[PDB]
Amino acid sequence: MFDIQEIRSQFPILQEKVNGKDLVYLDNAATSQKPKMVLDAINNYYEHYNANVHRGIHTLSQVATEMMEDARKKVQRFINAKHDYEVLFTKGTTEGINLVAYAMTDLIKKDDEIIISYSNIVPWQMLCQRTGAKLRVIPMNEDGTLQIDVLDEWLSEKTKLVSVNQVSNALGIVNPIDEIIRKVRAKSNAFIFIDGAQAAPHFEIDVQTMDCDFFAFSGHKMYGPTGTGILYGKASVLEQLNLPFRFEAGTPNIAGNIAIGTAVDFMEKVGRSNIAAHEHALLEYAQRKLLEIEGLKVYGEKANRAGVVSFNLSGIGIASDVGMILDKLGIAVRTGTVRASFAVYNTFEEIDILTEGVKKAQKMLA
């Protein structure tokens, strides 16, 4: 029971016009748009329940505290964490990364090794600057995939942390996380950090079967407010760093944490398999229609990808030239390649608008 029109009716910004045109929002990998239930949660919190949490004894403080803890349990079930106290509220993926990178400082000695995948690589580069650790980077192949067989030679007793993004943000490539984790468990005692910021909006997460040690993601990419994120960690691993209060300092973003639970509710209401199916059909259709344009190349064309078509036109260098023409047609994409990225509310009719817009751009720029 998947009604694209019922879904789109929940997103008020979809009625917005841009340069006199219907908004065609295909920059979802940058940030997603928000359904009414999430915005209602924010507003209802501030108009009825706002108070500080945990420390207080009066009624509003009790209700506010309970609502935030209810939201933690929604996220727990959403990623199938075994315990609510393994779910930490943060302000974004970048915060979760920095939290782990700083807390690892004491567990890394003078010649240990950190392995990362191919712009938040600074915390790990800084962690190696503090310790005596050597940073190692998994190379990317030409087609955008990771050269993960390098782990067969790099993993050793020296490897203390491996950090991989589950989905690449530029190309949308789904990295082979289960094979990587299996390799890391078999040949090292390293902690495994998975950046799921581009994964959590698009397909179901089960951190228990995934066997990651950490899993981090951002609310704003998955229909939630800015300023929110989640860091999951195995209790047995969190307890080695320096629950969940130990890792949540200062006043929490109470409203945002409540509302990211409402964004979980929205996804569960739509259906996570329905989202994946609809988005996979959008992606296949868009890549098919775009490849009919003469001279257009699709990066990672043969790769398994989540919600992202990246492309370049043959004779057009500044991709922004195409992006500006598309924006004047109402189409929002990321721009030396053009990145169109899908969310649950996008339509096949919108992809046709994109494809006709790209054809028009290339002859405009000829």
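In case it trips you up, residue 1 is the first one in the sequence shown, and so on.
In the deposited sequence, the stretch from residue 247 to residue 248 has no residues without coordinates, so the chain runs on without a break.
Going from residue 156 to residue 157, you skip over nothing: the modelled chain follows the deposited sequence without a break. Just going by the entry, 23 to 31 versus 306 to 314 on mean CA temperature factor gives the higher value to 306 to 314. Averaged over Cα atoms, the B-factor as recorded in the entry is higher for 297 to 305 than for the other of 297 to 305 and 324 to 332. In the PDB entry, the Cα temperature factor peaks, among 201, 132, 233, 261, at 132.
Residue-level inspection of the entry shows that, of 255, 99, 275, 140, 140 has the top Cα B-factor.
Annotation for residue 240: CA B-factor lies in the highest third of the chain's modelled residues. For residue 212, the recorded CA B-factor ranks within the lowest third of the chain. Only modelled residues enter the ranking. Residue-level temperature factors show residue 91 in the lowest third of its chain, judged at the C-alpha atom. Ranked by C-alpha B-factor against the other modelled residues of its chain, residue 193 falls in the lowest third. When all modelled residues of the chain are sorted by CA temperature factor, residue 167 is found within the lowest third.
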